[PDB]
Amino acid sequence: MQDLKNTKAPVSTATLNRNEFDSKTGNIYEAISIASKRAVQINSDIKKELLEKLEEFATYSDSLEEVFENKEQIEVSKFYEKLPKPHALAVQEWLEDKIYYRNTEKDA
Amino acid sequence: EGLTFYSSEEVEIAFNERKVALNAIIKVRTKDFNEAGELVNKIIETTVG
Amino acid sequence: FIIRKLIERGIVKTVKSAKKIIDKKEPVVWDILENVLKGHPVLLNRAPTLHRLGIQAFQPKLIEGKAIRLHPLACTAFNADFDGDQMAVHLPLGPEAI
Amino acid sequence: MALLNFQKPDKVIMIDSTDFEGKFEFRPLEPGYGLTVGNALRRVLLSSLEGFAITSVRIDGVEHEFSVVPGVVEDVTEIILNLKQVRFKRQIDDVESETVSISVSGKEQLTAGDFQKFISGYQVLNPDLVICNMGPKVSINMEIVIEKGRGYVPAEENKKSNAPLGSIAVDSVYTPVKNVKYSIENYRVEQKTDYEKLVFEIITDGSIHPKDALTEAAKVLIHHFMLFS
Amino acid sequence: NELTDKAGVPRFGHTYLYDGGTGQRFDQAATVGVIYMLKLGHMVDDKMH
Amino acid sequence: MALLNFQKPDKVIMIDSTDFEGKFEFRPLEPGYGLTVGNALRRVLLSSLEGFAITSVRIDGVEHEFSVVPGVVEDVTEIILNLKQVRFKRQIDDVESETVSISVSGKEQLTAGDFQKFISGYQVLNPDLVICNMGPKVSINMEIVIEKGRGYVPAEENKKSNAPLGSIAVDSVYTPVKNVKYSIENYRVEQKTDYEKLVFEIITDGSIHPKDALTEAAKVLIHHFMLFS
């Protein structure tokens, strides 16, 4: 699993160098497609980890109130919220050559 | 006007000290391309702005 | 997205309660929206869109008032002045679009 | 007790600090106060601070600042320009002026650290500063004058009528601060996004830490405004 | 011009202003005076959606 | 310890001062410090000083601000705009909020001074301010609420959810300072003519004395600048 605590991906939108992004494939569109597929995978993994963590801190309350207050759950959710977005993590992985891609049609 | 400066640092110091005008013609030493296309230091007549 | 973060934080268990909280404009909504805006650009479009620069992506920031703040350097591309012009805001959803 | 409704910062946050540059943060601020504090501190930091710098230099065989010393790569104009960059921190108290006549030979490069052996009351803060490049057979003799002053003073005001013949007046950068810059960013507090955050950039020459300069500026402003009590 | 001279106003409204944030006088004089402004019906409350 | 040669003023000197206008001097000052002190004080004076104003109004028989009181020339909107202009000076200490019930009849003009017989903790500084013109047979029964605040609070923020029916919230302009003007003149101390002299002219509404306004602005500036210790 990725070390989300020590990730170098930018938190917000940043001006990325297009030449570095498409250097490996020679086509910015192919790189964008690969990055988005990896971003979908990263988002799935992050959702699974967050769901497990929330289930660990989930408290069973039988009250019929519409608003609940769980400070530990709120803190965990805030920590996950402050992390970079999945697509930013995918871009950071792509820049660091941490994404493996293969074209099935070209290798057939 | 007419002052010489070792770099942009002294120009900024003088401008912040109000000892030189923004539109004054000054001389500064900084990097600029030579006739061969290389980066060298030379004294160039310029303006604080 | 704010609804998703509300259910993740455990404040509200249903989308209806999240909608009620959002409609009341509570400070927690702004705290979540500040993080949600990060890394999720919007698309600004001014009609007529004569060239592709008529639609551009910008990183949104929360501001006060009811007017959209535009960077001055995009005006030439958008052919937009501040004499009463309006622009449409489009929000991409999927990671591919972002 | 009436100051309950006025939002004020709790501390000045220090992001990055070296011996030459520093970054400070001041948040949250009421609207308009960031500009006031930043402008006041910038003006005080620029105008007020004192320092020491070279005022006059004489070389053997030179009569004016438009000649050539035999054996050095740099001309006398460049020599004076590099001398302007030498930074001095006082070592012995109450020493306000020292005239140092140096003699260095057998070196291909004369650095500011060579002056330190012959200067008594001052410590050179940048000993690695190259002053002149010369051949191994060249011997140079300088007499430099170090004085205390404020701010930036060109040669015309530093000129003394009793200076020895052949001496050239040198523009002196006495101020320890090289540049002060501040920018104000909108800071969000609960529901309001009109609150302000002030960040500060101070670049010094090494004689004073940027945090120390900021503290001195704040102390000076407090002393000035206390008289309205 | 006669009316401004009688009123103690600089001719053509050309007066030196001061910045509210830093207090420094602007480098050039600015045209200052009283202009009649109208509020039009194209208000932002009806256009945000 | 290097602050020996900075000539600092001894006191702030009051040339002429009434309860509404005050002229002050600040000397001797180092060059450039007059602008810093003056601009900081002007901004703090025009920004953060506390005051008193009206927050809610309830006229009997009036349910919304877009109605009319029988027999009164001015509509409720003009009455509200005039009520916004009333100025209060505190007479009893520790009084932060007061509810005033006003019943005026048999008069041809309702002035702010007519509120004084019902207000206990505050003093009306402009009793000549006309609220409305009424007929001799018109009886006006209104309830106003006076509170403490800073700057400007719109009527939207002043709306209380527990207010009684017919209560109309009003815009509140809490600022007590009407104008701050400062000038910088050169001052000669012994042989140096470069020292600066600061002149201050403050116009207040009468709720706070100009000297007290200067003292409070200085207090705010000290409180902000202590954080850089």
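In this document, chain identifiers A, B, C, D, E and F correspond to the written order of the chains, with residue numbering beginning at 1 in each.
Quick note on the criterion: a contact is a pair of C-beta atoms (placed from the backbone, for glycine too) under 8 Å apart; a residue touches a chain by one contact, two chains touch by 3 or more.
Enquirer: Please identify which chain has its centre, taken as the mean of its CA atoms, farthest from the centre of chain F.
Expert: Greatest centre separation from chain F goes to chain A.
Enquirer: Just list the two chains that share the greatest number of C-beta contact pairs.
Expert: Here the largest contact count links D-F.
Enquirer: Hey, how far is the Cα centre of chain C from the one of chain E, in Å?
Expert: 35
Enquirer: Quick one: report the Å distance separating chain E from chain F, using the average Cα coordinate of each chain.
Expert: Each chain reduced to its C-alpha mean, chain E and chain F end up 25 Å apart.
Enquirer: Take the average of all CA coordinates in chain A, do the same for chain F, and state the distance between these two points in whole angstrom.
Expert: Their C-alpha centroids are separated by 54 Å.
Enquirer: Averaging over Cα atoms per chain, report the distance between chain C and chain F in Å.
Expert: 40
Enquirer: Residues of chain B touching 2+ other chains?
Expert: Within chain B, no residue contacts more than one other chain.
Enquirer: Touching at least two other chains at once: which residues of chain D meet that condition?
Expert: 32, 35-36, 39, 47
Enquirer: Considering chain E alone, which of its residues make contact with at least two other chains?
Expert: 21-23
Enquirer: Contact residues on chain A for chain C in the complex?
Expert: 10-13, 32-33, 36, 39-40, 43, 50, 54, 58, 66-70, 73-74, 77-78, 80-82, 84-88, 90
Enquirer: Spell out the residues on chain D that touch chain F in their complex, using ranges where they run on.
Expert: Touch list, chain D to chain F: 2-3, 5-6, 8-12, 26, 30, 32-33, 35-37, 39-41, 43-44, 47-48, 50, 214-215, 217-229.
Enquirer: Under the touch definition given earlier, write down the residues of chain D that touch chain B in their complex.
Expert: Residues of chain D touching chain B: 46-47, 77-78, 81-82, 84-85, 151-154, 171, 173, 175, 178-180.
Enquirer: Quick check on the complex: what are the chain D residues that touch chain C?
Expert: That would be residues 188, 190-194 of chain D.
Enquirer: What does chain E use to touch chain F in their complex?
Expert: Touching chain F: residues 20-24 of chain E.
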